[PDB]
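Before any comments, here is the structure.
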Amino acid sequence: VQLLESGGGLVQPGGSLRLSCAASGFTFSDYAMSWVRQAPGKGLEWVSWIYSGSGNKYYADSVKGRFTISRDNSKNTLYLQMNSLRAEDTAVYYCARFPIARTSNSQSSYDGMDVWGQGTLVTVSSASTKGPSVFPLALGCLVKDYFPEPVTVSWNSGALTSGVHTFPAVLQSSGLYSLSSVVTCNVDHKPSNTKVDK
Amino acid sequence: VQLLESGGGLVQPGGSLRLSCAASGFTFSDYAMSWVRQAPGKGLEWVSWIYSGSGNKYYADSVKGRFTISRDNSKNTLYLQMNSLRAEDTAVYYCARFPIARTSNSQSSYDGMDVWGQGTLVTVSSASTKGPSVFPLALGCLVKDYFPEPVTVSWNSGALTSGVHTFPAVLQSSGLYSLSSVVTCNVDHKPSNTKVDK
Amino acid sequence: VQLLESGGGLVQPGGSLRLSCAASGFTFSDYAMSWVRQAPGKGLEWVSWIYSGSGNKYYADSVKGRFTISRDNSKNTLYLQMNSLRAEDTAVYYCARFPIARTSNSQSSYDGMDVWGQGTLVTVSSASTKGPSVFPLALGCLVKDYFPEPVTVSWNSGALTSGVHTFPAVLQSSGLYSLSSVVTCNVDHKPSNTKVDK
Amino acid sequence: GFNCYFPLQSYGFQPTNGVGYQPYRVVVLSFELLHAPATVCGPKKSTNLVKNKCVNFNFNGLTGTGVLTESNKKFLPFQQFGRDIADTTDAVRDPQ
Amino acid sequence: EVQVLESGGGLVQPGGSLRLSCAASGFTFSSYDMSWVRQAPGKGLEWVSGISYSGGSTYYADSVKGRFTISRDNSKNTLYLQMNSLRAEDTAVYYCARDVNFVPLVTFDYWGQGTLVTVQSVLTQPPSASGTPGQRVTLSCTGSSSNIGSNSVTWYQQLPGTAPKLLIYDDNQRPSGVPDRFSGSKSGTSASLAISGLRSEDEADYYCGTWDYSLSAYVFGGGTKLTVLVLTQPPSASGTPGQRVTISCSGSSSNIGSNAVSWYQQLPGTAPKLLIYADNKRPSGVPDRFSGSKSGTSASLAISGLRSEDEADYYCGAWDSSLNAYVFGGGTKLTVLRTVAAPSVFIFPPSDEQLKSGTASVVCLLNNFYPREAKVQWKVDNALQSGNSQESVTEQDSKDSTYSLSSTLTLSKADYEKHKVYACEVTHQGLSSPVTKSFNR
Amino acid sequence: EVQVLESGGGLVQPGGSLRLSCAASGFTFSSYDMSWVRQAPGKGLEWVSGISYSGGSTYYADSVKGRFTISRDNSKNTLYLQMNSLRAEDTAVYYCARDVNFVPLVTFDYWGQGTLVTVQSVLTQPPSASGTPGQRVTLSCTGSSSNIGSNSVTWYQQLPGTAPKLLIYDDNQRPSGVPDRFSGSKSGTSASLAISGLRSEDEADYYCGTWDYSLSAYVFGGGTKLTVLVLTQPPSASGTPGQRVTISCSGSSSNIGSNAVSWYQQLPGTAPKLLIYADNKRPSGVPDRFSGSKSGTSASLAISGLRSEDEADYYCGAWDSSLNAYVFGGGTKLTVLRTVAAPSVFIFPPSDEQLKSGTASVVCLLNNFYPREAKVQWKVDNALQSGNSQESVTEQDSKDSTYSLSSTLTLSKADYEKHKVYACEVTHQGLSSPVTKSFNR
Amino acid sequence: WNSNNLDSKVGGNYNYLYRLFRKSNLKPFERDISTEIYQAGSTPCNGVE
Ligand SMILES: *[C@@H]1O[C@H](CO)[C@@H](O)[C@H](O)[C@H]1NC(C)=O
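Residue numbers (the working numbering), protein chains in the order written: chain U, 49 to 246; chain E, 49 to 246; chain Y, 49 to 246; chain A, 438 to 533; chain R, 4 to 444; chain V, 4 to 444; chain S, 265 to 313.
What follows is the structure, given as structure tokens:
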């Protein structure tokens, strides 16, 4: 069982885009589906829930009207159109399978959000991207002035694993994030699509 | 199940009177009965206990001789003759049903004081009564110079209920009590039998 | 079940002697046996372990070569020859039964040191003995200048038992121990074999 | 809606599904036998006919031992058995 | 089974006749009194008639007196009502009720399913009474000295579209199957029922029934259709390893009381893992120590035997019947009580690529320290920073169960050389004496 | 019983013939498909052939195509493999496996014991996978769209030297007898098995088997032999009475990981008592609160509900496989947290016997005080002793759970009269104001 | 029946033995005369007591 989200990236305020959640490993039509929002460094904020397209779709009080959830059981996908996006919606979206069908002997997360996907990250901001700048320092390496979060930072491309502590990035005056990996450093920024080996 | 007490009122020191406790909702002869004293703003003093008239009547060490408890199972009433009343006995008397018969499956407050009546109030004092004086003041209304406690004070005859805070009366130099209701005021004094709408 | 040790006493440094452990109350041949050392006011230091004479005998790393353990199942005894004794070995030796045979339903200290004897006391020192000298002080009596530890001190030959506190002896500049019993005093020194009633 | 799910879900039967998701047609033959006469039998096994030899014939339900010969008995087009005043099986119409 | 089937109801015309027959099985039908009771569509119960154990004594309601004949054939154990000269008011649903006790203390326990026949109340029970969940509602019957005072008062709860069900008999008791929640009461000529706490299954019509020694009928009551009208979670619970920590969250009846709560464990940087899915049950693949228990409106997640893997954010989530949302808890931040460690203090002067970049980010680090509370003050030669340094602490270590903090002071390129020495002073419980490496330009 | 015996295996020569016969009883042998599967000595399973329920359709592996004839006689309910023109690669052990389901969703549940006959894999399952106890190991099969893409995936666990055993069938389910621990998974053309938590009985070879609609054979997987991979003790733990104290000691794999730990309770002045003998088990005669639990290399002794009898030295001891010694722990000194008491202070001038003996041992005593930390300073008329006084404290009282300390100052005979007053000052938490009895000469 | 006067010996009649150690409980009416070192641990110790 695996749910893979796609469509998380740079969004202009008031923009429109589409999260696609490919669900595999289970009979997609039998379980309800839901989207759950998590603001960076904040709690789980439920987004929406669906079981059938012709049925009733449920939405959070703050997203009623500007969000639209849908299914495609032929493709085993769950789609979320978000339009007229507001500032507080910059977050990580998880595609979660909500079982609603319990069987006699098989006891399975009935009504519990059972399995959560890796989740994509949506940035609702007009600020443009900027490639990370890596600066080598317990050996460490700062990565400053990259937009937006996240960036994948590692030591020796994952060869050296023990003792690698990564602290969460910060929101600076320029609005540009910065982390540092402490024990070559590999810094991979997907939104700007730059791989840097320092 | 309900126990209603009657006979609480003005008592001259060393006087004599009779508390009558009408008990309904249970087989009176199937449960011991007791009287419990509560001095105003103080704990509960076990007054007395009875099960059968031919049976021994338990009395508190401070009331042995001056109190007499009795039953009337035909009338389903519990009677308490108090005579030669002393000053400390000004209090509230509760008529409490003390179950002493436990049955096999029915588990019921065996030996626990199960149900307590509303309780009457006995004032052992030679001071005469005086009608309450109501003075309108968060809207408030003082009620001063009424004897004895209690007095039923309310806002708009119970129509306005939220925010009505009543503080306990005080014993002044004149010996005359006073409260105030804060948020027309209805002040009903039973011992003097005056209903005042201010 | 009881294990009684014998042979604890004065030992010249580099001397030789024999601890004999008579074991009764159990089938001696079925359980392994062991010797455990406890320096005065210190932790348990395992000495040695045996199960069969023809099998492998195990010894502590500090006693390999200078100690020899053996059994006598006919006499139900466990013997320990200690020779070329060194200074740190002044201690109390416990003869401990180490069950190694667990049966189906009977669950019994399998592999646990099950039962420990009273333990003898071995002093590896060239200093000669000296009879205790009582010094009466809550009543009390001081047993000073006795060698070696232990000495059995009591009040009224064990008749007066409550409140009798005995503190461990000390190693003085002269090397001579001293206790005191506080609440006649009976002081019995086995190594010097003197019974004193003061 | 929630706690009011439609009881019937549809089968997603696409030709590209794995065999475990492909539509299998199932026919369950439930066999019932009871006091009512057994009416659905398997194809009845009939042997060959041999005349002028003592055989253990089993013409339909009727079984028995004897030699059987061609006869001139004019059975009515519906009769199967043959019998006599002794109420014993005398003749038989060949079923096939 | 003491079931009583009944039939003989159908479309008829006024002034005709109709034979209703109900057959009783499972008990000695010839020893218990029975009766016929009538319920007009959308109206309270009206007791038609009643016949004794022997069939000798028959009682009829005065509204139907003289035209209905109640009869009882014990051989076939069946009981009949012969309705003759019918009226338009008789179109209703008919039940035959078994009488537990003799008259006058009539007690109707088992009722027929209901036969739909198409063709005032003595007890002035209130038309309706409104209640709220968890309330104590007293719905009071009312009668004369012949109705309430002398004979037993029996309370029936009729769910919408079902036969009535006995709740209270003999003024006080309850059958085997009625929760103690319902309590009878009777005083003088006025009876009452007290429901302490209400649920969704108490939405029903409650009728009071009493025999009459004067009217010689079992008068019923009128209607009284009883109508029923955020997961607050601790922000950060904690406990020593090996302890049992109780994370108790509470919402409302709509939030959690009437819906299945769930407990999720979100480790830092990872997706949450459902530890509890029912109010109590636990999914496979989760250690048995993670117990769950929902009492009323409060759900408790009990984590016994804490370890370095047990430190995470524990959320409780439950569906809302009112808001229609799977509302989560605030999020309890569970942390283990570790022995206070010694903060290893380091500092780094900014690299020369900082100078080539135009800024200077000088970093100070405190590694392997407990607890979370610690302060870093940038003493730049006996001078304190004024709101320019920013710091964030790590989560509790997955194995060492300790914290790491880094404070970064981001000053201007020209600001780095205008001063000579920069240093960071640390305030923590593990190091009473401050430790600082004073690097120089 | 659905057992399937098999025989016909022995020493043969290459290019010969061999008849293997397996007889199945306990089920309708003529209704279930069966197959012959082959395991080379120390090599993964290789599916020889398979015959349907009717015996009409026969399938053979292309490695043995054209030279092995699978046959089935339903009258005797036996099944034969006729091996002809044998090769050297056919020396192996043969099983006949019952097929639960039709082809393609082949499912081999019951297997023969194995006939030793002496004379590449489509699914690229990993050669091996290493796991640890309590880990979540995913061992992933791999095939084409014909192997895993369109056909079910069944996982067999073959213990060393036994017939294989079905674990997962139809990509998800488990038989009646397989713990839920094992979980199947399948995505596209790649299947996998997930073992959440591992034990000593999960040491086995795990094979993935799937039918082929193109190759027309039941290809197996390759190997994947799943492999499972001084007692440092706290010096003094403590806790309040009624608490649950965890004494956790840790050694090495040789010390404690692979040997049974034991926990002993040595009260002051008494021989130790074995409280725990196994990693978990407890001898009779010991209170049930003394629990033990060895996780990996760390053994925990949990004492719940402390009392005045629970204060003692708790040692953990385990045999060493390497050093060959029953190494004990350091020795945890457990003490109960009592309310701080008031030290009763006394002092005694030395007796005349002391003067007749030539010394003077003046004693000061602090009785019934908590905690262990307390100091005594011999203030001899505003003068402090210089390293001559010696003191030892008692153990915690067996009933009062408090301490007693005695300080003895042993001075010369002439030193006693050269001074006039001797006194002892006490420093303790229970007495902020110092208490001292100043005796005189 | 007691047989002290037949099968006892001063010093111990060690000619009689019993089996303390075997893997599983003996099946009813089974005997095992094999004297094979009982491996109670994980490590194969090559048959040395
Ligand atoms: C019936 O079948 C039999 C055998 O094939 C054949 O001899 C006969 O002519 C067929 N027709 C009749 C008479 O039923």
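Built from N, CA and C at the ideal position, the CB exists for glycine as well.
Proximity test, Cβ basis, 9 Å: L326/V and chain Y: Walking along the sixth sequence from the start, residue 326/V turns up at place 323. Chain Y contact via Cβ: present.
Spatial neighbours of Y62/R in its chain, beta-carbon cut-off 7 Å, leaving aside the 5 residues before and after: Position 59 of the fifth sequence, counted from the first residue, corresponds to residue 62/R. Excluding residues within five positions, the ones whose Cβ falls inside 7 Å are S52, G53, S219 and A220.
8 Å contact criterion, which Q129/Y and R66/Y should meet: CB distance rounded: Mapped onto the third sequence, residue 129/Y falls at position 81. Mapped onto the third sequence, residue 66/Y falls at position 18. The pair is a contact, with the Cβ atoms about 5 Å apart (cut-off 8 Å).
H422/V burial status per 10 Å Cβ neighbour count (16 or more: buried): Numbered from 1 along the sixth sequence, position 419 holds the residue referred to as residue 422/V. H422/V comes out exposed.
Bridge partners - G53/V, DSSP secondary structure assignment: One-based indexing of the sixth sequence puts residue 53/V at position 50. As computed with DSSP, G53/V is found in a beta bridge with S38/V and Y62/V.
Own chain partners of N370/R with C-beta closer than 6 Å, once the 5 adjacent residues on each side are dropped: Mapped onto the fifth sequence, residue 370/R falls at position 367. Within the same chain, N370/R has close Cβ partners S347 and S407.
Span of the alpha helix (DSSP H) around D355/R: Translated into positions along the fifth sequence, residue 355/R becomes position 352. For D355/R, the uninterrupted alpha helix (DSSP H) segment begins and ends at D355 to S360.
Backbone CA spacing between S132/E and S174/E [nearest angstrom]: Within the second sequence, residue 132/E is the residue found at index 84, counting from 1. Within the second sequence, residue 174/E is the residue found at index 126, counting from 1. Roughly 13 Å between the two C-alpha positions.
Chain A contact for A135/U (CB, 9 Å cutoff): Translated into the one-based positions of the first sequence, residue 135/U becomes position 87. Not an interface residue.
Element boundaries [beta strand (DSSP E), containing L67/Y]: Translated into the one-based positions of the third sequence, residue 67/Y becomes position 19. Its beta strand (DSSP E) spans residues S64 to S72.
Classification of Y280/S by the beta-carbon crowding that lies within 10 angstroms, buried from 16 upward: Locating residue 280/S in the seventh sequence gives position 16, where the first residue counts as 1. In this structure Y280/S is exposed. Its beta-carbon is surrounded by fewer than 16 other beta-carbon atoms within 10 angstroms.
Contacting positions in the segment 177–193 of chain U - beta carbon closer than 8 Å to chain R: Within the segment 177–193 of chain U, the residues whose Cβ lies closer than 8 Å to some Cβ of chain R are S181, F183, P184, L185, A186, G188, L190 and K192, listed in chain order.
Check: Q533/A C-beta below 8 Å from any heavy atom of ligand 1: Within the fourth sequence, the letter at position 96 stands for residue 533/A. Yes; taking the cut-off as 8 Å, the Cβ of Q533/A has a heavy atom of ligand 1 nearer than that.
Near-chain V residues of the segment 442–472 of chain A (beta-carbon distance less than 8 Å), N- to C-terminal order: Within the segment 442–472 of chain A, the qualifying residues are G455, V456 and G457.
CA-to-CA distance, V140/E to residue 247/E, given in whole angstroms: No information on residue 247/E is available, as it lies outside the stretch 49 to 246 that chain E covers here.
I522/A (DSSP reduced to helix, strand or coil): Locating residue 522/A in the fourth sequence gives position 85, where the first residue counts as 1. Note: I522/A maps to coil in three-state DSSP.
For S272/S, three-class secondary structure by DSSP: On the seventh sequence, position 8 is the one that residue 272/S refers to. Under the three-state reduction of DSSP output, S272/S falls in the coil class, being neither helix nor strand.
Contacts that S72/U makes with chain V (C-beta to C-beta distance below 7 Å): On the first sequence, position 24 is the one that residue 72/U refers to. Within 7 Å Cβ-Cβ: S190.
Sheet register partners of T118/R (DSSP bridge): Walking along the fifth sequence from the start, residue 118/R turns up at place 115. Paired residues: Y97/R.
Segment contact, 8 Å Cβ cut-off, at least three pairs: the segment 218–237 of chain Y with the segment 188–204 of chain Y: Between the segment 218–237 of chain Y and the segment 188–204 of chain Y there are three or more C-beta pairs closer than 8 Å, enough to call the two in contact.
Exposed unless 16 or more other CB atoms sit within 10 angstroms - verdict on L513/A: To locate residue 513/A, count along the fourth sequence from 1; it is residue 76. It counts as exposed.
Residue environment, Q432/V, which counts as buried when at least 16 other CB atoms sit within 10 Å: Mapped onto the sixth sequence, residue 432/V falls at position 429. It counts as exposed.
Beta carbon proximity, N175/R to chain E, threshold 9 Å: Here residue 175/R is taken as the residue at index 172 of the fifth sequence, counted from 1. So, interface residue.
Inter-residue CB distance, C25/R and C144/R (contact presumed, cutoff 8 Å): Here residue 25/R is taken as the residue at index 22 of the fifth sequence, counted from 1. Here residue 144/R is taken as the residue at index 141 of the fifth sequence, counted from 1. Contact flag wrong, Cβ pair sits at about 27 Å.
For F185/R and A87/E, the rounded distance between their alpha carbons: Reading the second sequence from its first residue, position 39 is the one you call residue 87/E. Reading the fifth sequence from its first residue, position 182 is the one you call residue 185/R. If you draw a straight line from the Cα of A87/E to the Cα of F185/R, it comes to about 35 Å.
Cα-Cα separation between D173/R and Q160/R, rounded to whole angstroms: Taking the first residue of the fifth sequence as position 1, residue 173/R is located at position 170. Taking the first residue of the fifth sequence as position 1, residue 160/R is located at position 157. Between the C-alpha atoms of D173/R and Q160/R there is a straight-line separation of about 16 Å.
Chain-ordered residues of the segment 83–112 of chain Y with a beta carbon less than 8 Å from chain V: Listed by position, the residues of the segment 83–112 of chain Y near chain V (Cβ gap below 8 Å) are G91, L92, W94, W97, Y106, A108 and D109.
Simplified DSSP state of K336/V, which is helix, strand or coil: By one-based count along the sixth sequence, residue 336/V stands at place 333. Strand, per DSSP.
Contact between the segment 151–162 of chain U and the segment 271–283 of chain R (3+ Cβ pairs under 8 Å): Yes: at least three Cβ pairs fall under 8 Å.
First and last residue of the uninterrupted alpha helix (DSSP H) at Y419/R: One-based indexing of the fifth sequence puts residue 419/R at position 416. That run of the alpha helix (DSSP H) goes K416 to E420.
CB contact below 9 Å: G479/A versus chain U: Here residue 479/A refers to the residue found at position 42 of the fourth sequence. Cβ-Cβ to chain U under 9 Å: no for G479/A.
Secondary structure, beta strand (DSSP E): runs of 3+ residues fully inside the segment 376–444 of chain R: Counting only runs of at least 3 residues, the segment 376–444 of chain R fully encloses the following beta strand (DSSP E) elements, listed from N- to C-terminal order: 378–380, 392–396, 406–415 and 428–430.
Selection from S229/Y, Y107/Y, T125/Y and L219/Y that minimises the alpha carbon distance to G211/Y: The residue you call residue 211/Y lines up with position 163 of the third sequence. Nearest C-alpha to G211/Y among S229/Y, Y107/Y, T125/Y and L219/Y: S229/Y.
C-beta neighbour in chain U for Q268/R, strict 9 Å: Position 265 of the fifth sequence, counted from the start, is the residue given in the question as residue 268/R. No, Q268/R lies away from the interface with chain U (no Cβ there is under 9 Å from its Cβ).
Assigned secondary structure, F76/E (DSSP; H/G/I helix, E/B strand, else coil): Translated into positions along the second sequence, residue 76/E becomes position 28. In this structure, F76/E counts as helix in the three-state DSSP scheme.
Proximal residues of chain Y, C-beta to C-beta of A363/V below 7 Å: Translated into positions along the sixth sequence, residue 363/V becomes position 360. For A363/V, there are no neighbours in chain Y by C-beta distance under 7 Å, as the nearest C-beta there is about 11 Å away.
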